[PDB]
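Chains as they are written, first to last, in our numbering: chain A, 1 to 144; chain B, 1 to 144; chain C, 1 to 51. Each residue gets a CB set at the ideal place from its N, CA and C atoms; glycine is no exception. Notes follow the structure.
Below, the structure is given as C-alpha cells:
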C-alpha cells in the first residue's frame with residue numbers, strides 16, 4: 001500500500017543521536033558515519049504494521065546499546081563478557097569509584113540541557129530534517 | 001498536539017535568577033553557569049499534571065536553596081555543625097552585633113527594588129526568555 | 001513556499017501560520033506585507049507576553 005505516510009521522523013532515536021553529536025563535539029566519541037547512518041535508515045524504513053515498528057524498536061534497543069558501547073573507546077563486548085567474572089569478583093567500592101571517575105557530570109548536565117532543548121524544539125521545528133542534514137554534512141566532510 | 005499548555009515558564013524562579021545575576025555583576029557570587037543551566041532546564045521542562053509540577057517546584061525549592069548556598073562564598077554546613085558549640089558560646093548581643101555588621105542594607109534595598117521591577121515588568125516583558133538567553137550567554141563565555 | 005514550511009515546521013504550527021497568512025491575504029494584505037506581519041507577530045509573541 002502507501003509508504004510515504006509512515007515517515008514520522010526519528011523521534012526518540014533523534015535525541016539518542018543528539019547524545020552522540022554532543023560526545024563528538026567534545027571529542028569523547030570517534031564517530032562512524034557508516035554504521036550511524038545505516039541504523040538511522042533502518043529506523044527510517046516505513047513499516048506498515050505497528051507490530052513491525054514495535055518489534056524494530058525492541059530489537060534495536062539491545063542493538064542500540066551495543067552500537068553505543070562499540071562507538072566509544074571502551075574495549076569490545078567480547079572483552080567485558082570474558083572478564084565479567086573478575087568484574088563481579090572485584091570490590092564494590094572500587095567499582096563505584098571507577099564509575100564515578102568515568103562519570104563526567106558535565107556531560108550529564110549537558111545531556112539534560114540538550115534533552116530539554118530538543119523536547120522544546122519538538123513542538124516548533126522538525127528535528128529529523130536537521131539531524132539528517134547534519135549527518136549528511138558530516139558524511140560529505142569525511143568523504144572530502 | 002497542544003503541548004504549549006504545559007510549558008509554564010520560570011514564573012517565580014525568574015526573580016531568583018535575576019537576583020543571582022545581580023549578585024554576579026557586583027562580584028559577591030561564585031558562579032557555575034553549567035549548574036544554573038541545569039536548574040533552569042529542570043524548572044522549565046513540562047509535566048502534564050499540575051500536581052507533578054507543583055511537587056517538582058516544592059522539591060526544587062530546597063535544591064534552589066542548596067544552589068544559592070553553593071554559589072555564595074559562605075562556609076559549608078559541616079563547618080557550621082563543627083562550630084555550633086562556639087556559636088552557642090557567644091552571647092546573644094554579640095551575635096546580634098555580628099549579624100547587623102554582616103547585613104548589607106544596600107543589597108536589601110536593591111533586592112526590594114528588583115522585586116518591584118520584576119512584578120511590574122513580568123506583565124510587559126517575557127523575563128523567562130531573557131533570563132534563559134543571558135544564562136546561555138554566560139555558559140557560552142565560560143566554555144568558549 | 002508551502003512545501004518549505006511544511007517540511008521545516010510541524011504540521012500544526014504550519015497550518016496556524018498559513019491560516020493567519022490567508023486571513024491577511026483575504027483582507028487585501030500583500031504577500032510582502034503578510035510575511036512581514038507574520039514575522040513581527042512571532043517576534044512579539046516570543047518577546048512580549050501576549051498570553
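Counting only the Cα atoms, residue 53 (chain B) lies some 38 Å from residue 70 (chain A). For residue 129 (chain B), the closest Cβ of chain C is nearer than 9 Å. Residue 74 (chain B) is not a Cβ neighbour of residue 87 (chain B), given a cutoff of 9 Å.
Assignment of residue 125 (chain A) by DSSP, reduced to helix, strand and coil, places it in the strand class. For the options B:66, B:23, B:43, the alpha carbon positioned closest to that of residue 55 (chain B) is the one of B:43. The way I'd put it, the stretch 31-48 of chain B doesn't touch the stretch 10-24 of chain C; fewer than three beta-carbon pairs between them come closer than 8 Å. Around the Cβ of residue 49 (chain B), a 10 Å sphere holds fewer than 16 other Cβ atoms; the residue is exposed. Boundaries of the alpha helix (DSSP H) harbouring residue 62 (chain A): 50-71, taken from the DSSP string. At a cut-off of 9 Å between C-beta atoms, residue 137 (chain A) does not count as an interface residue with respect to chain C. Here residue 114 (chain A) has 18, 22 as same chain residues with Cβ atoms under 7 Å from its own Cβ, once five neighbours each way along the sequence are excluded.
Nearest CB-CB separation between residue 47 (chain C) and chain B: below the 9 Å threshold. A Cβ-Cβ contact shorter than 9 Å links residue 112 (chain A) with residue 38 (chain B).
At the C-beta level, residue 64 (chain A) and residue 16 (chain A) come within 9 Å of one another.
Non-local C-beta neighbours of residue 122 (chain B) in its own chain, meaning closer than 8 Å and more than five positions away in sequence, comprise 14, ordered along the chain.
Assigned with DSSP and collapsed to three states, residue 136 (chain B) falls in helix. Among the residues facing chain C, residue 8 (chain A) is not included, as its CB has no counterpart in that chain under 9 Å away. Against chain B, the CB of residue 11 (chain C) has no partner CB under 9 Å away; the residue lies outside that interface.
For residue 82 (chain A), the enclosing alpha helix (DSSP H) stretches over residues 77-89.
If you draw a straight line from the Cα of residue 58 (chain A) to the Cα of residue 51 (chain A), it comes to about 10 Å. Against chain A, the CB of residue 8 (chain C) has a partner CB under 9 Å away; the residue lies at that interface. In the three-state scheme derived from DSSP, where H, G and I count as helix and E and B as strand, residue 29 (chain A) is classed as coil. For residue 38 (chain B), at least one C-beta of chain A is nearer than 9 Å to its own C-beta. The beta-carbon of residue 124 (chain B) is placed less than 9 Å from the nearest beta-carbon of chain C.
Taking 9 Å as the cut-off, the beta carbon of residue 33 (chain A) is found closer than this to the beta carbon of residue 139 (chain A). In this structure, B:36 is the residue among B:89, B:124, B:36 with its C-alpha nearest to the C-alpha of residue 109 (chain A). For residue 45 (chain A), no alpha helix (DSSP H) run applies, since DSSP gives it neither H nor E. If you draw a straight line from the Cα of residue 24 (chain C) to the Cα of residue 43 (chain C), it is about 17 Å long. Cβ contact annotation for residue 5 (chain C) (same chain, cutoff 8 Å, sequence separation greater than five): 14, 17, 18, in chain order. Taking residue 6 (chain A) as the centre and dropping the five residues before and after it, the same chain places the C-beta of 46 closer than 6 Å to its C-beta, in chain order.
For residue 14 (chain C), the uninterrupted alpha helix (DSSP H) segment begins and ends at 11-26. The straight-line gap separating the alpha-carbon atoms of residue 100 (chain B) and residue 91 (chain B) is approximately 14 Å.
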